[PDB]
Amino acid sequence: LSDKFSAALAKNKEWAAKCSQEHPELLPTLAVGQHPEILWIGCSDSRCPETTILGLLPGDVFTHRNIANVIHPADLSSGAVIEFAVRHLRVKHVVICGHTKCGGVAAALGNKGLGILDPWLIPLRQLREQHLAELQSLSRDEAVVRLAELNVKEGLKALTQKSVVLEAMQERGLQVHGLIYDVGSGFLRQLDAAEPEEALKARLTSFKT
């Protein structure tokens, strides 16, 4: 039965042939330089390929995907992506997308040791501690969704606790957005993700350099 790696390289050649036949200017024009307007921070989960689920093309979405779309404030991996997207490509939108049935969110609600995943998941366990009574009042499936939403909202806070982001929000109206992707339906939903404007004033004072 088929080697999925070999099958993928053959499907890549078919995709390159389709590009050459249907849109022969697209890839050569993108090779001159990318100009995406969107930074996507989402989960590595194979069911959440940003460009496919958004109905977009190569060149549209600058992408970071990690376990459970977690923003550790001092993580160089997300830190370097955000610096490059915001300062160098000047994206207009930063999207943090969580998803239903997230294995990283579910791991954080369990109490099994998962080796190197344990430090990675600490931010999710911090949210679990802070919201423990609320999460215990929900079904397992509702708790995984609620913690996924709380994680997206906390990530948007962490994202704005960066001078490069606050500068872009003041200079060009950079927007930040929280989404949940429903792996069962294919639909994205927006999170309210409200903060008092008081919140951003304190953050500006505390973080702009």
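Numbers for residues come from their place in the sequence shown, where the first is 1.
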### Summary
Ranked by mean Cα B-factor in the entry, 194-202 and 17-25, top stretch is 194-202
### Summary
The stretch whose C-alpha atoms carry the larger average B-factor in the entry, 128-136 or 114-122, is 128-136
### Task
Compare the CA B factors listed in the entry for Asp60, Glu50, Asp45, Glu167 and report the winner.
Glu167
### Query
Going by the entry, which third of its chain does the Cα temperature factor of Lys101 land in?
middle
### Query
By the record's CA B-factor, is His64 among the lowest, middle or highest third of residues in the chain?
lowest
### Message
Please place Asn151 in the lowest, middle or highest third of its chain according to the CA B-factor in the PDB entry.
### Response
lowest
### Message
Among the modelled residues of this chain, does the Cα B factor of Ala143 put it in the lowest, middle or highest third?
### Response
highest
#### Entry: Among modelled residues of the same chain, the CA temperature factor third for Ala158
middle
